[PDB]
Amino acid sequence: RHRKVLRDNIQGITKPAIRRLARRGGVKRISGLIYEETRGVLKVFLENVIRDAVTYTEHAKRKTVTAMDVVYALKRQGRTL
Amino acid sequence: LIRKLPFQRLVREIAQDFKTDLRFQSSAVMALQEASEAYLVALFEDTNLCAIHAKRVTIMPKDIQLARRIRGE
Amino acid sequence: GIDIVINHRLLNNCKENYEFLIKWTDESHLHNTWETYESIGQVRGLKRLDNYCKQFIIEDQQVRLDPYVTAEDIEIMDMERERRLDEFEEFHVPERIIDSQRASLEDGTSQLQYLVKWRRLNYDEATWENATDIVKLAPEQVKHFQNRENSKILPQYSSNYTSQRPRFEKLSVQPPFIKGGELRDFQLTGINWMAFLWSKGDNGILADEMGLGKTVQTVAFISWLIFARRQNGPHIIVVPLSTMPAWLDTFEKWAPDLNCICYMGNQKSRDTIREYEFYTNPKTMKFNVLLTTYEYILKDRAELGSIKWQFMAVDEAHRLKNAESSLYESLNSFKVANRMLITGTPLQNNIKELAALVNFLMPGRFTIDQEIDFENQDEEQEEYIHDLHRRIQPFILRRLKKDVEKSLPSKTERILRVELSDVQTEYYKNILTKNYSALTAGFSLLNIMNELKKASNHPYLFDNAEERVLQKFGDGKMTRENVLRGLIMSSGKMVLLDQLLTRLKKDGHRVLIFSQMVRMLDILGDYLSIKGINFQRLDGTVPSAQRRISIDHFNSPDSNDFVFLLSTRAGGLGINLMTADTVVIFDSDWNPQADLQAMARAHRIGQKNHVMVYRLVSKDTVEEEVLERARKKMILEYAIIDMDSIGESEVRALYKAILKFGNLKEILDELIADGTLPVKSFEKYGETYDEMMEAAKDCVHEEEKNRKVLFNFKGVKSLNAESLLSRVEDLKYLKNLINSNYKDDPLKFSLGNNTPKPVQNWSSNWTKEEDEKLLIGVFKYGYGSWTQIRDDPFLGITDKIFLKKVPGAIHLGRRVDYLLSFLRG
DNA sequence: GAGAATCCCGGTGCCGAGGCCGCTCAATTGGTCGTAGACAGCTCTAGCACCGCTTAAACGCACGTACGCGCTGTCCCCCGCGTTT
DNA sequence: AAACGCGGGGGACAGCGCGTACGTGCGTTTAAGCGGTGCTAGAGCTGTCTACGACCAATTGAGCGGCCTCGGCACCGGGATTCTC
Ligand SMILES: Nc1ncnc2c1ncn2[C@@H]1O[C@H](COP(=O)(O)OP(=O)(O)O)[C@@H](O)[C@H]1O
Ligand code: BEF
Ligand SMILES: [Mg+2]
């Protein structure tokens, strides 16, 4: 029935994807705890970069975030990294 | 390596808290994908060194916490 | 391996008591067998049986235990059981013999087999089966099959007219090719118009009003060009998925002789079709017609563009709105001699779209050739639109059912305007006021129009509004009654709808519901369910088979389900619902033609009472302005409105033909048409046949002169008198007597009182019966057709005769010589 | 429980901080001139949302083995202390 | 203060055993990917006008540099207290 609707966004990053990333990172085995832990880290990374990107776009009085604003955010982040 | 639509939903949800009703260029979402994948892969390649240093095979969250400390965040 | 188990008959209670019905993974559906746990033991797949066991347990326990479960739920359970059993039985029925195979086994034995497709499965999960079984299971199907490769209706022999189309003159009556029934007068006139146009070589569109027969008209036109013109090349029809069954059915009804293929389904299935159906022994194509859908175009254009199609058509051209459509591009990558577009309505929202469509029909200089848009009202638009009309009118065939077919009952179009509920009003005002705070407990406001549009019909599309009403009844929300009350009162237009539906329930009407929104249709279906109503849904959620059976059920004249509930996008097109008489359009698209389509699905040929259409609009909401946008789109229609030579290869082919068939001049047209003989004058073949009959008689006179064997034709030594003369007279005698008694059915034949001598110590047992079957074979296929003679399973020969085992073609020949000599004696 | 190390208290010594004075440079004030930015309007790209259809990814559960963790024993090295450089 | 020598204790290193968690496989379900529907808002562009900033000159006050004087902090010594064996 209609009641089968549900929501949770952060789980969109899921164990198979994290596994793929770790395997690309040469990892052999992982504890399950890592899945929520990495999600936390990922949120913080997104949180920081979005904060820069939006602050560019609002200074330009835009309504649309551009790839240019994003890449200037990254050019600040990676050098500050 | 990460599904596009879920990630786009997540990034929009996070952006919502700075200011509502932003629109996004799709190329911006792709840039976010590439950046986040690169960051995660690097963090794994790092923390694997800590895991093997402890003579483990598994990654454990202690190792992520250590890595984030040592690179400084 | 364990495939899905079908049924069970009388956890530990189940394992001890019950026997299940097991399908097998590597075996046919007919090979399924009853087995218990101890019978099956342990094997790959056993968990599926356990999962079915769990299903049966939950079926058993909920049926027996719970007093909260009603008798009606037991009826629903029986209806599910039967609904599964119906399909699982019909999967036994064959629908297509694909290919014939010969097999030899480590037993030391050989068999004939068919690849066969079951009557509801794809071509994947087709299987080989033993021929001498399926022939008795479905003699109709195997005979119908073998007619096809026995046929001569093939691209190999389609006559090209690359110089110029042949003469055409308007056909006065339904040609004898067409078998399904009687064409309407206007249908025949449409066929004439298409023939006229194709004889001018032009592509075009058929745009007669929806349901006026376009499927029958198109298939009839195919039948005419394929039989009369001999345009038997590969032809392609592209189809919206939901209509694909009816198309295939229409093919089967109106022109079953045309072998056609439904290139569809999973990758392996299509691969098997390319393997066995497409090519003669890899090339040239073993089929007349492809039916397919746009999906498989976009997927497999890489393959399908390889074919030099003769003719191409599409059932719904409006899907091609603009030249940049990936479908439009890929179809233009196809090579085809002629194109034909079918539509309910060519005049979509913009003349630019019609311009792209005619560019699809014709090279760009044929198009409107000036991209200025239609002015709302001006002089230049009037001259330009009348210019375009005068350009295009020859290339459009269109007729209105009101003008054409006064037998059909008319339609009434009505709109009902309904005031918002309280919850509707407050939600609407809150979205109007951009109130993020209010919508926090309601939110992606990035499309204000969409958000308020869906709000205006119904509030439960916002995920708290249910709880927001139920919590003020926080105990009653468990009751059916208060759930129903809250749902119905949520939305004034639903209150109206329920009143009208109740009145129609009293009056026995049969009703279609349409909406754009699957969530809304879900809510309304759940409303019907809690009201206990009998209905079926249709939208993108239901794959082909379940929708096909749902439409069939609702078209069934007993069908208790009085309501059918559809999306506009999937359900709008080509569905047949002449068992319905009433339509509610719960909401409208931005495009009026979608509403016209949805209406027309009821207003078919064969609908037999006047249909009522009610369009439901929220009063004082944007959608009644969307209606004005629809009218503004609707405006556009009111504006636009050697033969004497003989070759040695032909001498050879004739000599072999007459060695098999005797006086070929009866068959001889077929012998040219099947390519056995190169094309020459029928009279020349006739006279040279008679000439060599006389020369054979002369050779017999020369034998008489000699006593009291090769001889040439036109110097070609490849001829002898006695074999021809005897074979011709013998085959005439045999065919005459077999017709004379048996012809009603030669399978009736027996040699009767004539008792033949036995075979001499052959490796196979033989009797008058094997003789009789062989004789019937030689009658069906002529002398010396030994491969076909052995292969025909109605003769039962297929085992008994070999390709150093004793009997072979020479022995068969001698046996026939004896048998015919004895019967002629 | 005793011994050593650390802490607290008082006085002396000096250097740095704090303030004052004078001169010079920078800032402030006023006027003129040019252009960049702001504001308004127009055109059309592209984003937002939803449906249709297909296919693989995901998800759940069960089973088996490997790795992680803890314990025990042994050997090495480094820390601590004293003397000499 | 660093270097060098010496002894004893503690930590590091290795092996073993056991249990749990992680990986793999199978079957089923759901969502993503791709294409299409439809519309409006926002970006992006262009033109015009006005106000603000820069430049130049003069004048005035504050800041900087130097000098002097006094206080606060550091160091040294003794006695008391705390921590470690
Ligand atoms: N020649 C005919 N004789 C009788 N009925 C016909 C004929 N042609 C079409 N029909 C009716 O029309 C229905 C099929 O509609 P169809 O014309 O195929 O839809 P469309 O062509 O608009 O896609 C069938 O149910 C059939 O009863
Ligand atoms: F237009 Be027909 F009714 F499909
Ligand atoms: Mg159609």
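FYI, residue positions are counted from 1 along the chain as it appears here.
Backbone N, Cα and C define each Cβ position, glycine as well.
As annotated in Swiss-Prot, motif 'DEAH box' covers the listed stretch C:315-318 rather than the other ranges in C:159-162, C:187-190, C:315-318, C:811-814. Taking C:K23, C:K335, C:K735, C:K804 one by one, Swiss-Prot attaches ubiquitin cross-link to C:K735. Taking C:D208, C:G211, C:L212, C:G213, C:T215 as the candidate binding-site residues, the subset whose CB lies under 6 angstroms from any atom of ligand 2 consists of C:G211.
The separation of C:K735 (ubiquitin cross-link) from C:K214 (ATP binding site), Cα to Cα, is 45 Å.
With respect to ligand 1, the recorded positions C:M210, C:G211, C:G213, C:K214, C:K735 contribute C:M210, C:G211, C:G213, C:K214 as residues with a C-beta closer than 6 angstroms to one of its atoms, given in sequence order. Sequence-distant neighbours of C:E209 (ATP binding site) (same chain, six or more apart, CB under 8 Å from its CB) are C:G344, C:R398, C:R399, C:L400, C:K401, C:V404, C:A600, listed in sequence order. Taking CA atoms as the reference points, C:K735 (ubiquitin cross-link) and C:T215 (ATP binding site) are 42 Å apart.
Cβ neighbour count for C:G211 (ATP binding site): 22 (other Cβ atoms within 10 Å of its Cβ, all protein chains included). Here the recorded positions are C:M210, C:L212, C:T215, C:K735, and the one ringed by the most other CB atoms within 10 angstroms is C:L212. The ATP site is defined by C:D208, C:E209, C:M210, C:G211, C:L212, C:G213, C:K214, C:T215, and by the 8 Å test on Cβ atoms against their centroid, the other residues of the chain that qualify are C:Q217, C:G344, C:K401, C:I605.
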